[PDB]
Structure formats: structure tokens, C-alpha cells
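A single chain comes next, written as C-alpha cells; it is the form deposited in one PDB entry.
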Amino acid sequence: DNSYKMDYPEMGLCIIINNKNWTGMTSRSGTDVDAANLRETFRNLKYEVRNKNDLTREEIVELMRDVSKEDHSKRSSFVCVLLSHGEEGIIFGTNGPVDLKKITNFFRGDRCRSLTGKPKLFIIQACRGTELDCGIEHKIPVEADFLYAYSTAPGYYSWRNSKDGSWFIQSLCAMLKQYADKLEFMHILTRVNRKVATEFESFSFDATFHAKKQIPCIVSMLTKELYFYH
């Protein structure tokens, strides 16, 4: 009971929400590269992937509600990837903001019983504010067994390249491919942290957005170690 049990018949769902076109907000160029990379990556990890594009804030909430009421009994885990605009604690539907808490609340240990005790992973590529990093040089709690992999630090922008995709998802998929059969998830996410921190730097004609840096933010309320192999 040091590692989560990952030998259920199915690894679980991987829900990818890919919001690209919008309100009045920028179209998120490169996000389809991200959504394809994740689909492939989690396909190899033996997740049943569901891709959904351009969802309104109502559709996001209704989708998450329905998925939380499925029977996950034969599934090891749950993964949700959110690709969109955002602010601290908030992600955007195509027609406005949704509170992250509202989404994740559906999977609470008391509200989604078939996932109680199983790791629930939320991967969020979205801004968390508008700061730039200029760089240098016998019960269980209902909030337990969640892991939030944020692309950026609280308060900060998150960077996305229009042809390569976002820095975080790029690095995330690469580290999963190289290390999912070798390393525990946190240690994979720490390598993601390093890759984004060291190998990426913004290039912009605008001085104010040029040569900026990014560090992702791992938030773990997991109670066991998580391995994708077995």
C-alpha cells in the first residue's frame, strides 16, 4: 500500500478538453498539436482517451458531471487534461470562465464513489494570472488522491508556441514517453519542471514579453506513489 493499485482491467479515462477558438479572446494556436501529442501519449499508457474541442462553460461542466457518474469500478485512475485560457483558479469555456473547483468537485471521494481511493489527475495548460517570469543568470478526506499538474506558477502567464504547442504539454509528453516505464509520476513531473525551466525561453518582438521563463507547478494531494507500468 505504498503504490496505487494500477492493475485494474482498465487504466481509466483520459478526458482532453481542447479550447482553441472563442468573449473576444485569442485563438490558441498550437493547441491542436498539444491535443494530438496527449492523445498519442496517453494512448500508449493504455488510457481510453476522449478528445473534446471548443466547449462552452456549460458543456465543460455537463461533461465533467456525466463522466463522474460513470462506473469507474474497473478503472485504475482518472485523467483530465484542460487546454484553454485561464486565470488563477479558473479556466475558460468558449463563452466564459469556469471555476476549477467546480469541475474537480465532481470527483471528490464522497461524490464519485467508484473513484474513491484512486488517483485523480488534472493537467492544466492555462494562464494563472498575468505576471511574467524574467528569470536569472476509518475515513479518508474527500480532497485526497487528487493531483493537479499546473503548467505555470500561481499568478503567472503560461507560454504556448504556435507551431510546436505549449511548453508544458511538449515537455510533459516527452518525459512521459521517455520515463513512464521507469519513474514514479512525481519524479516524471519534476523532470518536466526542469525541461520547461531550462530548455525554454520566450522570443518576442515585444521587449516586454521577450526572454521570459516558466516553471510549472505540481500540486499533490496523493497518498501513494503512482506508476504507469506494472
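Counting begins at 1, following the sequence as shown.
Gap check for residue 22 to residue 23: 1 to 3 deposited residues are absent from the model. Gap between residue 137 and residue 138: 10 or more deposited residues without coordinates. For the segment pair 177-185 and 192-200, the entry gives 177-185 the higher mean B-factor, averaged over Cα atoms. Note on 43-51 vs 60-68: mean CA B-factor is higher in 60-68.
Per the PDB entry, 95 shows the highest C-alpha temperature factor of the residues 95, 77, 84, 151. Among all modelled residues in its chain, residue 117 ranks in the lowest third by Cα B-factor.
Among all modelled residues in its chain, residue 147 ranks in the lowest third by Cα B-factor.
Annotation for residue 129: C-alpha temperature factor in the middle third relative to the rest of the modelled chain, per the entry. When the CA B factors of the chain's modelled residues are split into thirds, the value for residue 109 lands in the highest one. In this PDB entry, residue 212 carries a Cα temperature factor that places it within the lowest third of its chain's modelled residues.
Unshown form deposited with a partner chain bound; subsequent notes refer to it.
In the bound PDB entry, its partner chain stays beyond 4.5 Å of every heavy atom belonging to residue 61. In the bound PDB entry, its partner chain lies within 4.5 Å of some heavy atom of residue 50. A residue is said to contact a partner when one of its heavy atoms sits within 4.5 Å of a partner heavy atom; residue 65 fails this definition for its partner chain in the bound PDB entry, lying far away. Under a 4.5 angstroms non-hydrogen atom cutoff, its partner chain in the bound PDB entry has residue 35 among its neighbouring residues.
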